[PDB]
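For reference, the structure discussed in these notes is given below.
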DNA sequence: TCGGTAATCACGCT
Ligand SMILES: [Mg+2]
Ligand SMILES: [Zn+2]
Ligand SMILES: [Zn+2]
């Protein structure tokens, strides 16, 4: 389990053991989305 | 084969025996300063803490 | 010692100072740049950034926004700067251009001076959230803490005798750029309150007929800010630092003996 | 601002001055020059990347006054001279 | 400091935006299948397994073995944790290895001199049946010393030092120069197109219209120096300049213009390395080649 | 020291390597320091010497008409290393003002 | 009887290695000094025990 | 790559006076009088309005989540 | 004279 977001928007939370496809789009390529935690960058 | 391992402009007289790779070195770029004496040199503090 | 205020405008001033000398003018000039403190954003905490720009770049623009620094509520002549921090937060969602004026401040005396600055453009469904922390600093440590600029020039007088062919061309030329000209039957005197590019025909006469004489002790000052401090407070604050700075010396000297 | 002496001799004083820069050092130098008893006033910043906050000052007198005494009274004047200009400035924007 | 092809860029001008350039790399770790039937899956490595790289380099990974984005990966930090399949279960029997039966750790980790933050993690499948993940990590890279600049006329050089805005020789207007170029390089290399362009930057910034400068049919030489001469300046660029350390007019007229430069990728953080005692050659037991090894 | 190395500063690369054992280190200091190599074995003449600004600065110092004032003499003797006492003396041409040659 | 430049850099080299392996030092003390720098001060006062052989 | 909010030499804000500048040059008016009509005095302020790319439009639409 | 064959052709770095 994960929550990968593909090209042309959509969500697809599946696993990792068998196959990696998007049911709605029909594609197979995935970006892992950014988290929602707080990091600290200085301005220089 | 053997005669090309012994020889061949990068064999085992010039390639590995009479010219070897060494330890305790560094390599970076140069940039002037006319405030130190004639026989001193600057050394970065990153290279100075790894030698 | 005397002053002559030529003009006062929003974020600019020009004046003439008399009764001083060459070393003092540089000390006054450098002090405005490297001693006067202002507030500036020093660190930004990101929660999410879906924009077209990198985290570092958005953080970099926040630091370049000039913030109002109320001089009647802290201390600008201290050797030890105050550490009071003001928090600038933002929570927006596209589409639309995000402006500097939308940043909210927890303290009404520290706000962006110019509200029409665009920070970043946002497309459909992209969110931008951050928290900015501002603190006092000096220009010598980082360029973001600069209150403005100062430029100064000598004050000179160009004497043009009427024996120079086509001297009438310089009178109209000087009048176009606003330099005062006092004319008499012997010659004319041009006061160079700003740069005076000599036209090419008169180069051979520079020194023979046309000569420049420096007026001892008078300097034309130009000070311009960006809106963080009034154009009148600046020179007063810098002078009060010099006094304080060169008094500590006397204290420290006695301690040695 | 702690004065770090190096050489101390007869009618001569050399020292380092932490926390200062070109701005103050040049102003104190030519102001000192005005004193006829000060034979020699000068400063240098050495290599402005490794150190740019401790100018090296040197004050030499003719023996009729000590180097510390000369320095002391000459940094009085700058405090008084700034005190003048400031009064002028304030009472002029009216 | 700007002797024999150096250059002295301003301090406050670096610190507002000049030449702030970014640098990217990418990594292409995969999941192969051997012909025996054993397929190596990637996950979080357990403490036991043979050939451990180290510990507390695994603080950024998720459960399955993928870095959740925007994390300051630096040094030799890992990127994807890979478990490999046994590789000769019965050769050694090193007094406890008969019972352990585990795996031989192989993985991917950043090259041991860089820094930066990840940007986007890809995950897909390539043609046959396997899986391959692409991870890319960026960097910020402010322009400090060493960083080679050049014009398009051939005046290459390196930042000499980085002098503050206060100590700058400035002019009888609001101008404070950026790049104080060495004057010993212009009447030695015969690059007169540098000096014509410097007037052409001052003319085409005050007039409003970008001066055409193409070969053989462009803007002529003499017509520029009249358009500058009626807009308020001397016919040859030269201006009255005051030094910033002491403050008195330098008894010369210092030349000044606008020249288009360009930064080059011979930047200094990709050159510096030090080696005390590292991994050696297998055949001779002599040090390796390159900074990547 | 940049006619022995035959270098310039357009992004070159120079490598140092520390010697370690106490016999090979006291040999490096006595036999290989820079000041022993001020003249060269190819022609006798000096090799480590002045370059671009060091020549053309020295012409502006020794021109007939190079009269420095009192502040500029005293400032430059502090910057060029030397240690002299209160003897910048004796103000050789006081014709305009008391300034040196 | 002046030394050459090759003999002066060998006498220091052998004496700086003995001064690290024991071999009690002459009047050379102050405050902290690397074993190479101790041999340089001893050679200036002319109290070196080590002599050369000149084949002739 | 949206306009830099300072100049690079003279510290002075500029991003409020770029989108008012370009919408009055797409009517045919000469830029020599438009930049003079605003508060631009030197030519160090002025070399960085007169030469810019405004490339944020192309990159934005390409998207990455 | 006269024909035949090998054996040779910067430094460092990615
Ligand atoms: Mg080179
Ligand atoms: Zn999809
Ligand atoms: Zn500018």
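Chains as they are written, first to last, in PDB author numbering: chain A, 6 to 49; chain B, 303 to 353; chain C, 2 to 258; chain D, 1 to 94; chain E, 734 to 1026; chain F, 454 to 554; chain G, 2 to 57; chain H, 1 to 65.
Ideal placement from N, C-alpha and C gives every residue a C-beta, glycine not left out.
In the structure shown, what three-state DSSP assignment does residue i receive?
| i | result |
| --- | --- |
| residue 22 of chain G | coil |
| residue 783 of chain E | strand |
| residue 60 of chain C | helix |
| residue 934 of chain E | helix |
| residue 254 of chain C | helix |
| residue 470 of chain F | strand |
| residue 584 of chain F | Because residue 584 of chain F is not part of the residues shown, which for chain F are 454 to 554, the question remains open. |
| residue 13 of chain C | strand |
| residue 512 of chain F | helix |
| residue 908 of chain E | coil |
| residue 91 of chain C | strand |
| residue 129 of chain C | strand |
According to DSSP, what are the bridge partners of residue i?
| i | result |
| --- | --- |
| residue 25 of chain H | Residue 25 of chain H is not bridged to any residue. |
| residue 995 of chain E | E:883 |
| residue 903 of chain E | E:975 |
| residue 753 of chain E | DSSP lists no partner for residue 753 of chain E. |
| residue 747 of chain E | Answer by DSSP bridge pairing: none, since residue 747 of chain E is not bridged. |
| residue 98 of chain C | C:122 |
| residue 10 of chain H | Beta-bridge pairing links residue 10 of chain H to no other residue. |
| residue 775 of chain E | E:815 |
| residue 158 of chain C | C:192 and C:214 |
| residue 1006 of chain E | B:329 |
Are residue i and residue j touching if we call contact CB-CB under 8 Å?
| i | j | result |
| --- | --- | --- |
| residue 42 of chain C | residue 69 of chain C | no |
| residue 82 of chain D | residue 28 of chain D | no |
| residue 53 of chain D | residue 18 of chain D | yes |
| residue 215 of chain C | residue 153 of chain C | no |
| residue 841 of chain E | residue 806 of chain E | no |
| residue 470 of chain F | residue 327 of chain B | yes |
| residue 2 of chain D | residue 81 of chain C | no |
| residue 63 of chain C | residue 45 of chain C | yes |
| residue 30 of chain D | residue 24 of chain C | yes |
| residue 456 of chain F | residue 500 of chain F | yes |
| residue 9 of chain H | residue 911 of chain E | yes |
| residue 1000 of chain E | residue 852 of chain E | no |
| residue 56 of chain C | residue 46 of chain A | yes |
Is any beta-carbon of chain E found at less than 8 Å from that of residue i?
| i | result |
| --- | --- |
| residue 316 of chain B | no |
| residue 461 of chain F | yes |
| residue 129 of chain C | no |
| residue 18 of chain H | no |
| residue 32 of chain H | yes |
| residue 57 of chain C | yes |
| residue 49 of chain D | yes |
Quick one: does residue i have its CB under 8 Å from some CB of chain D?
| i | result |
| --- | --- |
| residue 351 of chain B | no |
| residue 812 of chain E | no |
| residue 525 of chain F | no |
So is residue i in contact with chain H if we call contact Cβ pairs under 8 Å?
| i | result |
| --- | --- |
| residue 853 of chain E | yes |
| residue 194 of chain C | no |
With a threshold of 8 Å between beta carbons, is residue i in contact with chain B?
| i | result |
| --- | --- |
| residue 468 of chain F | yes |
Using a Cβ-Cβ cut-off of 8 Å, state whether residue i counts as contacting chain F.
| i | result |
| --- | --- |
| residue 16 of chain D | no |
- Counting pairs of Cβ atoms below 8 Å between the segment 463-480 of chain F and the segment 325-338 of chain B, do you hit three or more? Yes, the segment 463-480 of chain F is in contact with the segment 325-338 of chain B.
- Message: Which residues neighbour ligand 5 when neighbourhood means a C-beta less than 5 Å away from any of its non-hydrogen atoms? List them by chain order.
- Response: Only ligand 1, ligand 2 and ligand 3 can be found as ligands here, which leaves ligand 5 out of the picture.
- Query: Does the count of Cβ pairs from the segment 218-228 of chain C and the segment 136-154 of chain C closer than 8 Å reach three?
  - Reply: Contact between the segment 218-228 of chain C and the segment 136-154 of chain C is present: three or more C-beta pairs spanning the two stretches fall below 8 Å.
- Message: Contact between the segment 61-80 of chain C and the segment 100-110 of chain C is defined here as three or more beta-carbon pairs at a separation below 8 Å; is this criterion met?
- Response: The answer is yes - the segment 100-110 of chain C touches the segment 61-80 of chain C, with three or more Cβ pairs under 8 Å.
- Query: Are three or more beta carbon pairs between the segment 4-24 of chain G and the segment 477-484 of chain F nearer than 8 Å?
  - Reply: Below 8 Å, enough C-beta pairs join the segment 4-24 of chain G and the segment 477-484 of chain F to call them touching: three or more.
- Message: Whether or not the segment 751-758 of chain E and the segment 766-774 of chain E are in contact is what I'm after, with contact meaning three or more pairs of Cβ atoms, one per stretch, closer than 8 Å; do they touch?
- Response: No: the two stretches stay apart, fewer than three of their Cβ pairs being nearer than 8 Å.
- Message: For the segment 26-40 of chain H against the segment 932-947 of chain E, do three or more pairs of beta-carbon atoms, one drawn from each stretch, fall closer than 8 Å, so that the two count as touching?
- Response: Under the 8 Å Cβ criterion, the segment 26-40 of chain H counts as touching the segment 932-947 of chain E, having at least three qualifying pairs.
- Does the segment 44-53 of chain G come close enough to the segment 37-53 of chain H to have 3 or more Cβ pairs within less than 8 Å? The segment 44-53 of chain G, when compared against the segment 37-53 of chain H, does not touch it at the 8 Å Cβ threshold.
- Item | Segment contact, 8 Å Cβ cut-off, at least three pairs: the segment 155-170 of chain C with the segment 185-201 of chain C | Three or more beta-carbon pairs separated by less than 8 Å link the segment 155-170 of chain C to the segment 185-201 of chain C, which places the two stretches in contact.
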